[PDB]
Amino acid sequence: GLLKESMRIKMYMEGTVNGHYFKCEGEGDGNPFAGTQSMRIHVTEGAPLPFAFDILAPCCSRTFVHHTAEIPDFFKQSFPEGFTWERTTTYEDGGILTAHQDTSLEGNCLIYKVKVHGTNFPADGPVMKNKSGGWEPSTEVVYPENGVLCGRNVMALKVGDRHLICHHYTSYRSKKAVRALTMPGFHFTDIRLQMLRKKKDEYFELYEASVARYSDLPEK
Amino acid sequence: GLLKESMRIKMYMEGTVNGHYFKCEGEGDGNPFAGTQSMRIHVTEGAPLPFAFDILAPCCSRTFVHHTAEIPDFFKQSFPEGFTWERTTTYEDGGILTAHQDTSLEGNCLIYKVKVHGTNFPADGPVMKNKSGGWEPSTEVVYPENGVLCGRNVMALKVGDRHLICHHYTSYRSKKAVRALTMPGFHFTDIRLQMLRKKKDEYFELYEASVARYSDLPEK
Amino acid sequence: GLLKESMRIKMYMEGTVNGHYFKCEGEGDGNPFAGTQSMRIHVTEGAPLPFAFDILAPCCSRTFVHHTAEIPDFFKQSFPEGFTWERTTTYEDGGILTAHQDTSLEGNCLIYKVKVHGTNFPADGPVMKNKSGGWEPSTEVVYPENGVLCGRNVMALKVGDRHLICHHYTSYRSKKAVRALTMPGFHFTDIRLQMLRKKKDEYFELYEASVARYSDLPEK
Amino acid sequence: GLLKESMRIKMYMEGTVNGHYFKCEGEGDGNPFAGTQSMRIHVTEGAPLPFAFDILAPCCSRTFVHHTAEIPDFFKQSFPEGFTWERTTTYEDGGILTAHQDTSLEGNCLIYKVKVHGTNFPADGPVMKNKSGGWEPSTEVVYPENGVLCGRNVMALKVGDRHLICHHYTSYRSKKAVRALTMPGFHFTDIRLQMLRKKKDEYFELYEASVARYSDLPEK
């Protein structure tokens, strides 16, 4: 199989958040079909980070999604060629993060190349003050548009007992020919992003489980 | 006792969309604990509506939500006093609908009073051209904030085989005292709103089912 | 002689900004053909206002525009029937203000009826903190769309030596028969709104001049 | 001295629009002080372009602006070092084009280096159908912010007898030291871009005139 029960992951991330340059490398693994993965991220430049790594966590993998109900798989179908994505995340307190990502394959290794740009995050807000406590689980809305898979999502950043809301606008683009793909219909993807460990705003351990599904409610 | 397995609904709505004024009155019924409901809505002014009623359907019932996993019911706990809600809906083609709603109870009948102001909808878009085909189901994110329950949601209006996305920013306020209320934590509400019939842009039949729940994904 | 060289104006404004309810009444005068006017406004309810009146000033008169180069005058043509407008303004630090207006005539008095709704203005921002110093002059883009006149404009709110930008999206609708109007083509409207006097966030004095024109640049 | 009555221009642009890679090269001339210029553009790769070159036309020159009323010239002051700009253009039908440009000076020749990224242009819209008729003239709002010059603009693409609005967001950054620059005050730049000729979607002739000025309206 071109994709196997176990895949390795190599990630390269670079960017600026409110002017602070940084660079990290991730190494990970996962099960494409069970939709589970982990990743160890080491900040190679700009450490310790003067902001919450939480904002960068969702930049670190849509190949690893368990597809139910025979929902065609835009991401797995795109291999060996791979795919890209481009996201805008707007935080309700002013912050904005934009990211462009290339996903490539090399034998058993998936290669992620990310570039990030963050601005307008408040100086006294939870991200720059580094007082965030991870994400709530989420459900992405996913639908096709002109051969591109579109994503919309509300994510809730834990700030103590409260929540800071951010909004995702994503476009997944295949490197494979649009005609060679079977686009899915409108559906959802549940994502649970967890940070298992963090050390000195420099080393982070992530874990994520994802399932693609239709609504569980009956139709009339 | 207050709330029963079979309840009545009466709705009074008025407002403007892109300058066109309309009033309508609805009568409905449902099972608030099974979180299902129907409503027949009659347009008594501004008929025939020159815009798609779809943009008004979500303005027409948060008492009718089946709560799973012991999730406290903000809405049901608010009776007899009832509650209000305030929503801003932004459409990605520039349209914006603001709604203000009051929910009270008279006998075995819930009373909804609704004010609506839609504006900036494109003259040639699916709303003002009246070419939409109902809503996809959705999953609202819902979380407390100092006595007020907050709602966030991505909705997809069907336009042919394509989709027009809009975003809900809701604030649910109880007319009951805070101390007399058990606020819920972070959770999701699945919603499936369907329009089962419409006639002469003056009569509509809605049906909706809602379930409050947590993420179905396992947690590591 | 339906519109004369000197006209009276009565304005009635009601609204809520960030949930603060208010009512205003205005009386003014102007020269419609010279495109000059002034208004004395009094906050009859919700005084003192807990935000900058500057955001409301553009809601308080497109009859008063000096038209050059034989540009057809959509607004003056609409009398005696009159016209309506509505506008969505978006502030770049999060604020959104929707407004809808009716303009009617009563002999020598123009009657303005305004409904305003502001939300998402940041508590720390210069609007809610009341730290703004009036608007810079602006040039609106005016174009016809199917018997409706559309307006786009970038306005700059002075905040010390800085500027906070907001974006206007306006639709002017004649209450006169569409076929009875001579629509203009694409053109510009220069507008200079000044706040001459303010007192205790309760009384305000405005002066505005406006000119309709084409670009002064030569065409090649 | 550094700039002359007549200057040469050379441009190197590349990027993608809805995923179509293109490369093109320009050569031009103009009078920096008179504020006029022209350019010939050749699509060296990705010809014939499957979209309206109209979207790329505003990416091809702020050195060529006639400054009135003794307004400081951010762009002419920036030489020999030169300057950069970065723009986002949003079309009201969903299209978005982001560009980053570098302006340098070698002898009597200004060198432009442009990277374009265009996405979400409707498949049946006038851009991708290549059915536009150039731009209307415009007036950019320009204002200083911490040594950076900020530009805001509403532009209108002619499509048949109607207009498709788009919105420019630009930051111009000088490569010259802040202290070696007298920043201008708040002002406008009138701009009229014209396409005098096009051939086989691989050759285009442009002409542009710009004037920097204050509002023509009196100040009461």
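Order of writing sets the chain letters: A, B, C and D. Residues in each chain are counted from 1.
Everything below uses one rule, namely that a contact is a pair of C-beta atoms (placed from the backbone, for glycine too) under 8 Å apart; a residue touches a chain by one contact, two chains touch by 3 or more.
Here is each chain with its UniProt name: A, B, C, D = GFP-like non-fluorescent chromoprotein.
Comparing the contact residues of chain B and chain C by number shows a mostly separate set, under half of all numbers used being common to the two copies. Its C-alpha atoms superposed on chain D, chain A is turned by 165 degrees; the angle is given in steps of 5.
By residue number, more than half of the contact pairs of A-B reappear in one of the listed pairs B-D, A-D or C-D, namely C-D. Rounded to whole angstrom, the centroid-to-centroid distance between chain A and chain D, based on C-alpha atoms, equals 34 Å. Rounded to whole angstrom units, the spacing between the C-alpha centres of chain C and chain D is 31. One inter-chain figure worth recording: chain A and chain C are separated by 44 Å, centre to centre, where each centre is the mean of the chain's CA atoms.
Contacts with at least two other chains are made by no residue of chain D. The touching residues of chain D, counted against chain C in their complex, run 136-139, 141, 143, 145, 150, 152-154, 156, 162-163, 165, 167, 186, 188, 190-192, 194, 196, 207, 209, 211, 215-220.
For chain D in complex with chain B, the residues that touch the partner chain are 92-94.
Against chain B, the residues of chain C that register as touching in their complex are 84, 86, 88, 96, 98, 100, 115, 117, 119-120, 145-146, 148, 169, 171, 173. Looking at the complex, you find that chain B touches chain C at residues 16, 18-19, 88, 94, 96, 98, 117, 119-120, 123. Here chain A touches chain D in the complex through residues 86, 146, 171, 173, going by the rule given at the top.
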